[PDB]
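Take a look at this single chain in structure tokens; it is the form deposited in one PDB entry.
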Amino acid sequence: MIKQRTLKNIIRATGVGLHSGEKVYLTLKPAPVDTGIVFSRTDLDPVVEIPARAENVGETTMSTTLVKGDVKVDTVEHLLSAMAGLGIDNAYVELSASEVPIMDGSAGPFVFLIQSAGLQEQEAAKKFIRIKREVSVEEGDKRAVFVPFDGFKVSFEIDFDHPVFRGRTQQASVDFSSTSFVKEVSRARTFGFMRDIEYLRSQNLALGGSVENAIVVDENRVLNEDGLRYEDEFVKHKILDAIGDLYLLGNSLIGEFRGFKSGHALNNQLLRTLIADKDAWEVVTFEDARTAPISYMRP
């Protein structure tokens, strides 16, 4: 059977929040069967727990934020994309500040941290959500869609502001059956245009941002000394964010996601519409991994 997975050991990372600029201690702790991903704010009394669920999504302007009252956990998507990518179902994520550290701006360091701690397969079937019918949400020219597909596939098209590498747009499609999350997506870094960055910094935002954790483009030129990790790194990072945002469903998806100039807000609205449309999905387990439509790497 395709089993649930957690970490073999507790592992720690240190970093800075992209938006808050605050130093943060990150602890990933193994968790038992059917826990899901649960975040906790350890710098607070009492300690506040926030399950990584679509219903707990608050702000979506700068990154995906989880909320419980006045308590927030900011920028959960890169860490969640790394967990989705590796098939981590159960884990405690303990943070000493509101924001998850940005690391190098990609899911790469989180994927390596998880693999360094080692994966632990658990004696219970991993639950998947199968897309049975198409579900879509739109707002103006933005669109996010789930389409039935026997596996997991992500397509994304973005519009720039503008234009970058002779194009006003960038597109990429990743079918996770033939292409691995680790190889083709995990290393794609977050990005910002200098004109936007100057505005964000003037408003005390993007405080932890630097060329060490973000691609900076001054109009049409990448300013980072060593350039890009992928020719289409921008759209690959949007795919990385969509995977993380989609993981807030609480279980891995069997289906195809298509994003058209979609961000954190519309990604969460798509999840809310899918959850509400119970006839469009069903929970499925695979007692035989050999015939399952999604494959995870050996533990």
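From 1 onward, residues are counted along the sequence shown. Take the two forms, superpose them, and find the largest set of C-alpha atoms that agree within 1.5 Å; that set is the rigid core.
Just so it is clear, the following notes concern the form deposited in another entry, a form of the same protein that is not shown.
Peer 1: With the rigid core superposed, which of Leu228, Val147, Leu205, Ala125 has its C-alpha shift by 2 Å or more between the shown form and the other one?
Peer 2: None of the others reach 2 Å, which leaves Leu205.
Peer 1: Please determine whether the C-alpha atom of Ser177 is displaced by 2 Å or more between the shown form and the other one following superposition on the rigid core.
Peer 2: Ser177 C-alpha, core-superposed: shift of 2 Å or more.
Peer 1: Since the Cα separation of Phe149 and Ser178 moves by 3 Å or more in the other form, tell me which way: closer or farther than here.
Peer 2: Residues separate in the other form, at least 3 Å farther apart.
Peer 1: Using the form shown as baseline, tell whether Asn204 and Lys142 are closer or farther in Cα-Cα distance in the other form, where the change reaches 3 Å or more.
Peer 2: It is farther: in the other form, the C-alpha atoms of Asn204 and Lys142 lie at least 3 Å more apart than they do here.
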